[PDB]
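Everything below concerns the one structure shown next.
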Amino acid sequence: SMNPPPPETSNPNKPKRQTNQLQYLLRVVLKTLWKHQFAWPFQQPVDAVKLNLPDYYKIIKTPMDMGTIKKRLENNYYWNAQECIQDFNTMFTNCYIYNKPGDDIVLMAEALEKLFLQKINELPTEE
Ligand SMILES: CCn1cnc2c1c(=O)[nH]c(=O)n2C[C@H]1CC[C@H](CNS(=O)(=O)c2ccc(OC3CCOCC3)c(F)c2)CC1
């Protein structure tokens, strides 16, 4: 089958902004999760062909991955922290929807989500 095009990371028609919360999401949250030994399956869009994940894009219609989030933060794509947090939550939810409970990738996502929630607990107030 074919993969879909990846999510956009910049759009010249969408307003762009940098806030200190978004800078924390890039410099602290994303960086912490990215280096985690479990992060690699989440660093790029699912290539369903090459991963032989059957029906991935029949089931997952809102794909999201940390590479996309990283590029969106780097391009000031998000207007607020809620939009960025939603993308992390979509990434985790997709993994929990497509995969069987107790699969290794689910346990990996749960570990990353636990760390994510730890880092978001200390999100700074807006400056
Ligand atoms: C997220 C999108 N995506 C990308 N690849 C995807 C998916 C998707 O949604 N479902 C998919 O199936 N895949 C393929 C898999 C293939 C296997 C790969 C893990 N292999 S591993 O790094 O060698 C490894 C790590 C940790 C292990 O054990 C610990 C023990 C306690 O806690 C955590 C587990 C372990 F035994 C083996 C994980 C992706």
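No lab work stands behind these numbers, since they all come straight from the coordinates. Virtual Cβ from ideal backbone geometry, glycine too; neighbours counted across all protein chains shown.
The residue that is nearest to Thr62 (Cα to Cα), among those in segment 80-127 that are away from the ligand (no atom under 12 Å from the Cβ) and touching a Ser or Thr at 6+ places or on another chain (Cβ under 8 Å), is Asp87.
With respect to the conditions (1) under 10 Å from the mean Cα position of the chain (by Cα); (2) of a type in the set (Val, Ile, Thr); (3) more than 20 Å from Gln18 (Cβ to Cβ), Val106 lacks only one, and its number is (1). Restricting attention to segment 9-55, the residues that are in a loop (DSSP other than H, G, I, E, B) and either surrounded by 13 or more Cβ atoms within 10 Å (Cβ to Cβ) or touching a residue at least 60 places away in the same chain (Cβ under 8 Å) (or both) total 15.
Under the condition of being without any contact (Cβ under 8 Å) to a residue 24 or more places away in the chain and part of a loop (DSSP other than H, G, I, E, B), the residues counted in segment 75-106 number 5.
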